[PDB]
Amino acid sequence: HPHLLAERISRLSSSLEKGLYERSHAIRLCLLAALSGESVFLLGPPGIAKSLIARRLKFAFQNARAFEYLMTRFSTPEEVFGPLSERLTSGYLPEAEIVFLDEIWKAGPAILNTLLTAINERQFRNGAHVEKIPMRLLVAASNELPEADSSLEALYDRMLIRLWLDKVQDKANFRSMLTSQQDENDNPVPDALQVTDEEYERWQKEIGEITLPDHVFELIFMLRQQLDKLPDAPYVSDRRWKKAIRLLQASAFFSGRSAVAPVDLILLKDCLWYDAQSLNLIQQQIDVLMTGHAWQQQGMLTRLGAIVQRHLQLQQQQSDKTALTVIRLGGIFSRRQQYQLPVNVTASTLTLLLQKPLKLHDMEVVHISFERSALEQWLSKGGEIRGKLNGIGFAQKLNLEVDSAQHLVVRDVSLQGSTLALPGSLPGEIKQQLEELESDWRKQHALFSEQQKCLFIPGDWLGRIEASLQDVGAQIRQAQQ
Amino acid sequence: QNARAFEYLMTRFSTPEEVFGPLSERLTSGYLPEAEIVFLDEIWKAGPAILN
Ligand SMILES: Nc1ncnc2c1ncn2[C@@H]1O[C@H](COP(=O)(O)OP(=O)(O)O)[C@@H](O)[C@H]1O
C-alpha cells in the first residue's frame, strides 16, 4: 500500500507538466503544499507562467475552485473576500480550494490585516459568526521584494515555500515551448489520477504520524548553528523550522517511505532565503551539508586522514631496517659528484622519512618530500637545496649534507644529525582500519541509491551528490596501493 | 491547589463576549473574571473594547 502511493504521485505530476517546459520544480513543489496545507511563494518577472500553475493544481482535486486576483494599492476587501449586504462571499476566498494573489507587496492595510488570520486559523469573519475556509493551497506571486522594516514582512515570514522562477535558458526547450498546441485552459489530468475529498482529509492525519529518525535530525542539529554565527546569514525563527517538518514528512510519505529521509532536506533551499543576498548563502550552506555531513561524506574524510597519519607513523618507526645508500661516480670533476639510485627510485615528488625527529621552523616533521629534478643538481654541482615539510607548505631551505657512510644528514638549529631513509615496499593494522572504512562507504552509497527517486527532488542536484560520494571512495582506494 | 487556567489566542476578530463570557447576567463560568492564570497571546492586535 505505501509503495503504490509513489506511483500515483509520480503519474499525477507527469500530466500537469504537459505544456510547461523548465517548470518541473514549480509544479511538484505546489503539489506537495496542496496535499499538506502549506503555502508557496513565487518571485520573478511577470510572464513566466506564474498564473497557470495556480489554475492547474485545481484539476488534481475533484471539487476545487480557483480564484485569480491582482492586489492593487487601492483595492478593497469587498472585492477579494466578497461584498456585504450577511456577506455575499459566493465564489471568492472563504469558499475556494486554491486562491491566487498576484503582487502581494502592494495591497492595502485592510487586506493585509485580514490575510494573516486565514492561514493560521483558516477562518473568515462573516459579520458576526465565523466559518472555516477549506483552503488547500495558497500561492502568491509578485516581482519585487518588500521592505526590511514594513508591515508586509508579517506575511512573508508565514510563507514556507519561496520559489524564484525565471525565464527559460535551454535552446532545445525553447523551440517546443514557443510552438505548443496544448490548451492551457483544458483538463489534461485523467479522472483516475484525481484525488477525492476523503483522501485529502486522510492524508493530513498520516503526515503528522511520520516517525522522525535520530540520524536524519542530526543534519538540522548542525545546520541550525551555522546560520547563527555568520552575520550575513538570514534570521530563521522557530516558526519557520516547525513548519519545515511538515513539508519534510510529507515529502517522504508520497515517495513510498514511512520515515523521514536525509535526501528530503534539499527542499530547504527555497524556504530559508528571503532576498537576493540570502539566496547565495542558503544554497551554499545546504550544498556543503548535503555533500559533507549527509551521507557521511565529510565524516569519512576526517577518519581517513587518521589512517594515513597512522601509516606514516608506523613507517618512520621501522625505518631502521631500510637505510639510504648513495652510489658514487667517476669522471673528471673538481667536486665530489654523487649519484642517486637508478631503477630503485623513479618518482619525481618522492618522500623520504627520517629516524629521530627534529624541530624545523619551530615545528615537528615526520617525512620530507624532495624533488627528483632538484636532487640531481645538488648531488653533483652542489650549493643549497629546498624542501617542504610534511608534504605541505613552501619548499624551505634545509641543512642537507653528505655523510661518511654515503647517507643524507639533516641538521637543525642545535646541530642534531638525522639519517634519512626511503619507505619500503601494508601492515595488518592499516589494512584492518581501511577495510572497515570502505564497508561504511558502500553502505552509505546504498542508501542514496534507494531514495533518490523522489518526485520533489531537482534533477541538477543529483549530479553533485554522486560526484561527492565518488570522491571519498577514490581517496580511500589510493591508500591501499 | 485551586487554579483555573485560561488559554485563549487574542485575535483581531475577537469580541468581548468571548474572552470574558457571553451575556444572557453574563455567563462567565470559566473565563477571565474567575481565573487564576490567564494567557493572552499577541496582545498588540485586539479591539478597542477589549483593551479598555
Ligand atoms: N516558461 C513557460 N513555459 C511554458 N509556457 C509558458 C511559460 N511562460 C508562459 N507560458 C505560457 O504563457 C501563457 C500566459 O502566461 P501568463 O499567465 O501571462 O504568465 P505570468 O502569470 O507569469 O504572467 C500561459 O498559458 C503559459 O502556457
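Where a number appears in this text, it was derived from the coordinates with a stated rule and is not lab data. Here Cβ is always computed from backbone atoms with ideal geometry, including for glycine, and neighbour counts include all displayed protein chains.
Based on the alpha carbons, how large is the Rg to Rh ratio for region A:240-342 when Rh follows Kirkwood? Let's see the in-between values first.
Numbers: Rg = 28.4 Å, Rh = 19.6 Å.
Rounded to two decimals, Rg over Rh is 1.45.
Annotation: average projected area of region A:1-113 is 8.9 square nanometres, based on the convex hull of Cα atoms across all directions. Taking a straight line from the alpha carbon of A:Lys58, these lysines sit under 20 Å away, with near neighbours fewer than eight places off in the same chain left out: A:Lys18, A:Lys50, A:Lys132. When the charge dipole of chain A is built from unit charges on Cβ atoms (+1 for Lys and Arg, -1 for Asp and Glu) and taken about the Cα centre, the candidate among A:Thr419, A:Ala474, A:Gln123 whose Cα reaches farthest toward its positive end is A:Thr419. Here, region A:149-285 yields an orientationally averaged convex hull projection of 12.6 nm² when only Cα atoms define the hull. How big is D for region A:323-455, in µm² s⁻¹ as a whole number, if Stokes-Einstein is applied with the Kirkwood radius of its Cα pairs at 20 °C and 1.002 mPa s? Here the translational diffusion coefficient equals 119 µm²/s.
For chain B, count all C-alpha to C-alpha pairs, find those more than 18 Å apart, and express that count as a whole percent of the total. Roughly 32 percent, once rounded to a whole number.
Summing charges over all other residues whose Cβ lies under 14 Å from the Cβ of A:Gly463, with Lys and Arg as +1 and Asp and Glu as -1, gives -3.
Computed from the C-alpha gyration tensor, the three semi-axes of the ellipsoid equivalent to region A:431-476 are 25, 12, 4 Å, from longest to shortest. Over chain A, the Kirkwood radius and the radius of gyration, each from Cα atoms, give a ratio Rg/Rh of 1.18. Distance between the 7 Å Cα→Cβ label points at A:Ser150 and A:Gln340: 6.9 nm.
Could you compute the FRET efficiency for A:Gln451 and A:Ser85, with r as their C-beta to C-beta distance and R0 at 60 Å, rounded to 0.05? Can you show the working numbers first?
Numbers: r = 55 Å, r/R0 = 0.91.
Using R0 = 60 Å, I get an efficiency of 0.65.
Rounded, prolate or oblate: pick one for region A:377-425, where a ≥ b ≥ c are the square roots of the eigenvalues of its C-alpha gyration tensor, a/c under 1.5 means rounded, and failing that, prolate if a/b is larger than b/c, else oblate. Rounded is the answer for region A:377-425, as its axis ratio a/c remains below 1.5. For the segment A:363-370, counting C-beta atoms of other chains within 10 Å of every residue's C-beta and taking the mean gives 0.
Label sites at A:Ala233 and A:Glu7, each approximated as a point 7 angstrom past Cα along Cα to Cβ, lie 4.4 nm apart. Averaging Cα coordinates gives a centre for region A:25-62 and one for region A:199-269; these two points are 20 Å apart. Would you please classify the overall shape of region A:53-166 from the alpha carbon gyration tensor, given that a ≥ b ≥ c denote the square roots of the eigenvalues, rounded means a/c under 1.5, and beyond that prolate means a/b larger than b/c while oblate covers the rest? Since a/c reaches 1.5 but b/c is at least a/b, the shape of region A:53-166 is classed as oblate.
Summary of packing: across the peptides A:222-229, A:51-58, the per-residue average of other C-beta atoms within 10 Å ranks them, highest first, as A:51-58, A:222-229. Other residues whose C-beta falls under 15 angstrom from the C-beta of B:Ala49 contribute a net charge of +1, scoring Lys and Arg +1 and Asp and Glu -1. If you look at the Cα atoms of region A:49-114, you get an Rg and a Dmax of 12.6, 37 Å. Only helices enter the 222 nm calculation for chain A: every DSSP H run of n ≥ 4 contributes -39,500 (n - 2.57), and dividing by all residues gives -11500 deg cm²/dmol, rounded to 500.
Of all DSSP beta bridges in chain A, what percent run antiparallel (nearest 5)?
Working: 22 of 41 bridges.
In chain A, DSSP labels about 55 percent of beta bridges as antiparallel.
Label separation (A:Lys356 vs A:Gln123): 8.5 nm, computed from points 7 Å beyond Cα along the C-beta direction.
Given a Förster distance of 60 angstrom, what is the FRET efficiency for A:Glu376 paired with A:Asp186, based on the Cβ-Cβ distance and rounded to 0.05?
Numbers: r = 79 Å, r/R0 = 1.31.
After rounding to 0.05, the efficiency reads 0.15.
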